[PDB]
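The data below hold one chain only, encoded as structure tokens and taken in the form deposited in one PDB entry.
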């Protein structure tokens, strides 16, 4: 009923990456939705969208997210994940960065990414939509098949959580004791994101290469109530999972491995999908051949230094376009 959407975002050259050649190793054509990689031999790939090195945060938000936010408001469950090599900009894409000197408010920070922009817009849209709504958020991270809660205000970050099958959703799990924070208005957004980032820093001191090996799952749930013309009360639940995956180059890698095998199983129509075999694929079962509208943002480098991982990423992402989901609205 609906293919997983796959898009590619190339970042600029970083301070490490040498460009020797007059014509780009990696060419992005947003109009033709093509990425072309000089391995004079060039492999070309078509995707649903393509964003070259110059693409700004606001452009990614407008092109990818705005349409997905509308699906969320219709009561679809939606998932956007960032996939790619460490250093290519998964976190830059999904979260962004904070500009220094407080030269900008968080709402106008041009380095801000999907999560802060999305949260701001939810309030803008639903307030002048007139509708009765509440928003709650959670931030869960997975490292070494263990579950870290970054929004719990009270506990040590080293107090890890447990997962169990949802009696109310054949393809879902409940994270027991996961902190779910009600965001009453947009002026409560920043302090939440701040607490999440700070607590992550604490996690990074406890675990080897935490940034690059961890998966980050930021969940926003919107309860919306509507009156029908026949005078009945309609409750819709829209859900957005914004997922920043472990670096593609990587028990430490069980979740990333199993995601691989799950994707392979779905595209090759093999009959057993091993969702159950890692924490990430249990949490995202529904995003991967289930009842969710899913997008992948594949992040890549333009540089010869990182060409092999860039090629693996493109091939991995490109195959995922064949995954068929069956989107359904929550009333």
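Just so we're on the same page, rigid core means the largest C-alpha set that superposes within 1.5 Å between forms. Positions refer to the first chain, counted from 1.
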| property | result |
| --- | --- |
| Coordinates absent for residue 251 in a third or more of other entries | yes |
| Check: residue 231 without coordinates in a third or more of other entries | yes |
| Gap size, residue 251 back to residue 250 (deposited sequence, no coordinates) | 10 or more |
| Unresolved deposited residues lying between neighbours residue 39 and residue 40 | 4 to 9 |
| Entry-level comparison of average CA B-factors, 321-329 and 4-12, reporting the higher stretch | 321-329 |
| Comparing 220-228 with 241-249, the one whose average Cα B-factor in the PDB entry is higher | 220-228 |
| Out of 95, 71, 149, 146, highest CA B-factor residue | 71 |
| Criterion, highest CA B-factor; candidates, 115, 234, 197, 140 | 234 |
| Modelled-residue ranking by C-alpha temperature factor, third containing residue 315 | highest |
| Chain-wide C-alpha B factor ranking for residue 126, given as lowest, middle or highest third | highest |
| Third of chain Cα B-factors occupied by residue 285 | middle |
| Among modelled residues of the same chain, the CA temperature factor third for residue 264 | middle |
| Relative C-alpha B-factor of residue 186, binned into the chain's lowest, middle or highest third | highest |
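One more form of this protein exists, namely the form deposited with a small molecule bound; it is left out here, but the text below deals with it.
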query: Heavy atom within 4.5 Å of the small molecule in the entry with it bound - residue from 122, 256, 142, 80; finding: 256
query: Among 124-132, 240-248, 224-232, 153-161, the region lying within 4.5 Å of the small molecule in the entry with it bound by heavy atom distance; finding: 240-248
query: In the entry with it bound, residue 260 touching the small molecule (heavy atom, 4.5 Å); finding: yes
query: Contact label in the entry with it bound: residue 25 to the small molecule, heavy atom within 4.5 Å; finding: no
query: Residue 284, heavy atom within 4.5 angstroms of the small molecule in the entry with it bound; finding: no
query: Residue among 161, 181, 237, 111 whose Cα moves 2 Å or more between the shown form and the other one, once the rigid core is superposed; finding: 111
query: Core-aligned C-alpha movement of residue 21 between the shown form and the other one, 2 Å or more; finding: yes
query: Note on residue 112-residue 53 C-alpha separation in the entry with it bound, which departs from the shown form by 3 angstroms or more; finding: farther
query: Comparison of CA distance in the entry with it bound with shown form for residue 46, residue 19, at least 3 Å; finding: farther
